[PDB]
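Remarks on the structure that follows.
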Amino acid sequence: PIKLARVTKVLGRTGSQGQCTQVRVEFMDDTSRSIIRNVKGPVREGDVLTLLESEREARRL
Amino acid sequence: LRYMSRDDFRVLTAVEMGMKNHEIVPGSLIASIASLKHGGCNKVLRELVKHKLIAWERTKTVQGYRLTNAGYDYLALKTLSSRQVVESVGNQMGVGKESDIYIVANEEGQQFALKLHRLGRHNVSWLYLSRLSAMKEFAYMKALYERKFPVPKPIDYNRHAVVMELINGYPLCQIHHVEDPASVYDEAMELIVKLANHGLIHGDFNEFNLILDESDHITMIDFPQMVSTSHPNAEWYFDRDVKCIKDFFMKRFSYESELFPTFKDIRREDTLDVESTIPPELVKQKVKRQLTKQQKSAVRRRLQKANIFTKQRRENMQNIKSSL
Amino acid sequence: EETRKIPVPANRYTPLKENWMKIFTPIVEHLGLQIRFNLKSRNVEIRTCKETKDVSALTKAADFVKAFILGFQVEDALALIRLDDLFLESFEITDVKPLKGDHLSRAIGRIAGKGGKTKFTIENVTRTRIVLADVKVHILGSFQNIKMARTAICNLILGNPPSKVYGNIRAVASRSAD
Amino acid sequence: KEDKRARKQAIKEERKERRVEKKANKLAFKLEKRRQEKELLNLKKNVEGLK
RNA sequence: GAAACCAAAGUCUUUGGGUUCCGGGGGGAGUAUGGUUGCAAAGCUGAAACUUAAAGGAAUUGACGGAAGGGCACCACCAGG
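Residue numbers (PDB author numbering), protein chains in the order written: chain c, 8 to 68; chain v, 9 to 128, 145 to 299, 494 to 523, 526 to 544; chain x, 73 to 250; chain t, 424 to 474.
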């Protein structure tokens, strides 16, 4: 199962070398699940993503 | 080379014991803990600094001596010679920035190899990490030779130095033509299967690390980086090594592969991934130990008595008198 | 509908009175619970109503107000309202070590240190909040964080100096994959 | 009784012999340290030098 | 008052209210011996030979932290050429 995504707000830069971006993700399954994920590469406010799995949640707390 | 063999051992081991607790060792500690000869040790240290055995260190107040790399190498070689392992030196230098290869010959004349770990904050961390690397490398060679892998026989080790079995040959990179590529290639996947069976995956299994003993035997060395198969990335390292060997064989010898082993078999072999009742003699020994302890404390507190400050004060007083 | 009552001591009456609106506003807005302060029994009483959103919010409110009464700041128990995995281990100082009189007081001192700084230092390493009652120590945080803070505090009141405590707790935080 | 009492007096006798042994060890160590200090003092006074 | 500090550790070279115990550079050493008490453990009294240019007490700055926080650099890294 592959689910579509959306960028709501870019939060910050995480990782050892500052290579990852911690971002907030809104779902295109008409749900309001805003889940905080980690992405690699350049992202801006308004980008659209392809998640291989959605049940995993990134590093929160 | 060495000519006199009386007290450089004791002074240099005193320096080694000084390095184990702190950076720069004063001469008072050396004179206290090397007490066989007294008074003449200053000229001994003056004789050592004419070589690259020890080095002086007097910046602004700290005044001491430290051990160099060559002094540590000669200390290990002297400890090997005490074990009757090295008599003469073969000058076939394998000059690497991570390790130095020196041929050695025993009293019998049989030649062995000598690996001296040179790792490149000051050099005490370099020597300590060289010691740890030599220890873990000797442990890995012992494990691999116990598991009958085609590796040389380990012989001895002293604190960075490894006396190791000598097998002559060339690495697989600089051998342009191989008469029988298929047999040694099948043996290469056999060794890959054996390593993966032994709960181990190399990660950087390179052709440069493979030495062709007369282009007939495979010699394998250099295991400080050896990792586990319990890691989730283990099969990715294993497949990287397999594809590296494959692309090297279809790229360099123009020989195409016939067998394609992609087996992860753990762990059907040994898991190497972790790898007046008291007699008077005792009374005499204990009382002698006590009195040597008080006299060693006395020697410490007597040898701990900066003349540079007194010289500067005298010069300042003389300048104040001659200028005013 | 069910309710929980929690008591308040005499020394905690005035902080309850001053911070009252900051207490009952998130209880009544986000959780949707009825709250009062019975002056005769001196108990903060919180009950569920018809427009309560979900179950277990009453326990969140009880944890919030009880953490405030134990000595934690109102924001540090608002953290109990929002977060799920936060707990409260509390223990007496004389539990691990039998201390009598002035020695016991000195133990309290080396939980605070100079200016409270040592205490705050633990709050930077274990990511917890800690409250010192007269002979009691309360820790609020995650489970492994509470255990880390408890080991640090017990190391402090067995005689170990703060330098060893900082070094050990920073090493344990380093191995904790934080 | 007559069993617990026997066990207790056996432990008491063992302790008494143990204390006698410890006292003997202390006096032997003191005597040997004294004579070795005398020998070290004799070394300090004479038989110390080059010629 | 050497000071931290102390209404006493004050009323001291402007030095005397009565009186008891007790110290004389650091070790040897609270050791040996002797006496005395104790079932014992040991308690009380208690040296010398010799060794040593020092040992200590208060405060004053802060190389060096294996103490912690920030900031900067493709002569550092990340993704790459």
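Heads up, the beta-carbon is just placed ideally off N, CA and C, and yes, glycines get one too.
Its Cα nearest to that of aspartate 263(v), the residue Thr286(v) stands out among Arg183(v), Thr286(v) and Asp237(v). Taking 7 Å as the cut-off, the beta carbon of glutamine 29(c) is found closer than this to the beta carbon of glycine 19(c). Residues of chain t whose Cβ lies closer than 8 Å to the Cβ of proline 498(v) are, in chain order, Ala451 and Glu455. By alpha-carbon distance to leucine 11(c), the top candidate from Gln24(c), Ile42(c) and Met35(c) is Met35(c). Below the 9 Å Cβ cutoff, chain t contributes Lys456, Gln459, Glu460 and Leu463 as neighbours of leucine 509(v), in chain order. Rounded to whole angstroms, the Cβ separation of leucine 215(v) and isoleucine 242(v) is 7 Å, and the two are in contact under 8 Å. Between the alpha carbons of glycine 48(v) and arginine 54(v) lies a gap of roughly 10 Å.
Uninterrupted alpha helix (DSSP H) stretches at least 4 residues long and entirely within the segment 153-239 of chain x occur at 174-184, 189-197 and 215-228, given in chain order.
Secondary structure at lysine 89(x): helix, using DSSP grouped into helix, strand and coil. Between the C-alpha atoms of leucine 130(x) and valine 100(x) there is a straight-line separation of about 11 Å. Counting along the chain, no beta strand (DSSP E) covers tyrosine 279(v), and no H or E run does either.
Identification of chain v residues near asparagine 469(t) by a Cβ-Cβ cut-off of 8 Å yields none; the smallest Cβ-Cβ distance measures about 19 Å. For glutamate 436(t), not one C-beta of chain v is nearer than 7 Å to its own C-beta. DSSP places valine 32(c) in the uninterrupted beta strand (DSSP E) bounded by 27-34. Between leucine 230(x) and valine 237(x), the C-beta gap is not smaller than 7 Å, which leaves the two residues out of contact. DSSP, read as helix, strand or coil, puts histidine 146(v) in coil.
For the 7 Å CB-CB criterion, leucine 122(v) and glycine 223(v) do not form a contact. Among the residues of chain t, those whose CB is under 8 Å from the CB of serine 494(v) are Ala447, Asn448 and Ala451, following chain order.
Under DSSP, the beta-bridge partners assigned to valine 187(v) are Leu122(v) and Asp180(v). By the criterion of at least three beta-carbon pairs nearer than 8 Å, the segment 180-190 of chain v is in contact with the segment 154-169 of chain v.
Look at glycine 223(v) here: in three-state DSSP terms it is coil, with no helix or strand label.
Beta-bridge annotation (DSSP): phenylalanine 109(x) is paired with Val116(x). Exclusion of the five residues before and after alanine 158(v) leaves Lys123, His125, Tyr181, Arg183, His184, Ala185 and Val186 as the residues of its chain whose Cβ lies within less than 8 Å of its Cβ. With its beta carbon at least 7 Å from every one in chain t, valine 57(v) lies outside the interface. Distance from the Cα of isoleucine 183(x) is smallest, within the candidate group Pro234(x), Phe109(x), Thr75(x) and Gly173(x), for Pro234(x). By the 16-neighbour rule on beta-carbons within 10 angstroms, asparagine 217(x) is buried. Burial is judged here by how many other beta carbons sit within 10 angstroms of a residue's own beta carbon; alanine 212(v) has at least 16 and is buried. Membership of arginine 76(x) in the beta strand (DSSP E) is indicated by the continuous run 75-79.
Residue pairing of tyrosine 73(v) in beta bridges, as defined by DSSP: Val33(v) and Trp64(v). Taking 7 Å as the CB threshold, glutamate 425(t) stays off the interface with chain v. Separation of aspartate 156(x) and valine 50(c) (C-alpha to C-alpha, rounded to the nearest whole angstrom) is 31 Å. Excluding its 5 nearest sequence neighbours in each direction, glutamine 106(x) has C-beta neighbours in its own chain below 8 Å: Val100, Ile118, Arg119, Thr120 and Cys121, listed in chain order. Per DSSP, reduced to three states, the secondary structure at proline 248(v) is coil, with no helix or strand assignment. By the rule that beta-carbons nearer than 7 Å mark a contact, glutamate 444(t) touches chain v. With a cutoff of 7 Å on beta-carbon distance, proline 98(x) and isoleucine 153(x) are scored as near each other. For the pair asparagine 115(x) and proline 79(x), the CB atoms are nearer than the 7 Å cut-off.
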